[PDB]
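To begin, one chain is listed below as structure tokens, in the form deposited without the ligand.
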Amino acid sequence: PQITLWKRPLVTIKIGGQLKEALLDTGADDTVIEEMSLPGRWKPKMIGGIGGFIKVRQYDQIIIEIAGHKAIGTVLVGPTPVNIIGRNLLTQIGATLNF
């Protein structure tokens, strides 16, 4: 598919047995998901955005479907106002930026 950028590039994702909306974000190294009760072990992490750092929980080998494309990798869970799909997962679904 092709997604234009006139509006936020939001797609449906499936994670943890739940459907959510998330932003395909070429400017994010990592994938940040809103607070959700994922099972199993995690590692504390802090990640930085434009206004400073927040605390998140790092979960590895998490299965996530992005716009119908299966992916598996690390997901950072914490208090974000928007779910962000970063390059660690965008590469797995073969996403490019084109102009």
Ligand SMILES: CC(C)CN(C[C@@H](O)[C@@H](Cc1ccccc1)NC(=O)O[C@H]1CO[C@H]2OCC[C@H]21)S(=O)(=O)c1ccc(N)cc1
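When you see a residue number, it is the position in the sequence shown, counting from 1.
Stretches 25-33 and 41-49 differ in mean C-alpha B factor, with the higher average recorded for 41-49. Look at the C-alpha B-factors of 71-79 and of 86-94. On average they run higher in 71-79.
Form solved in complex with the ligand: not shown, discussed below.
In the entry with it bound, the ligand sits within 4.5 Å of a heavy atom belonging to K45.
The ligand in the entry with it bound is not approached by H69, whose heavy atoms all lie more than 4.5 angstroms from it. Contact annotation for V56: at least one heavy atom lies within 4.5 Å of the ligand in the entry with it bound. Of the heavy atoms in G16, none are within 4.5 Å of the ligand in the entry with it bound. Taking the ligand as it sits in the entry with it bound, the stretch 57-79 comes within 4.5 angstroms of it through a non-hydrogen atom at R57, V77, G78.
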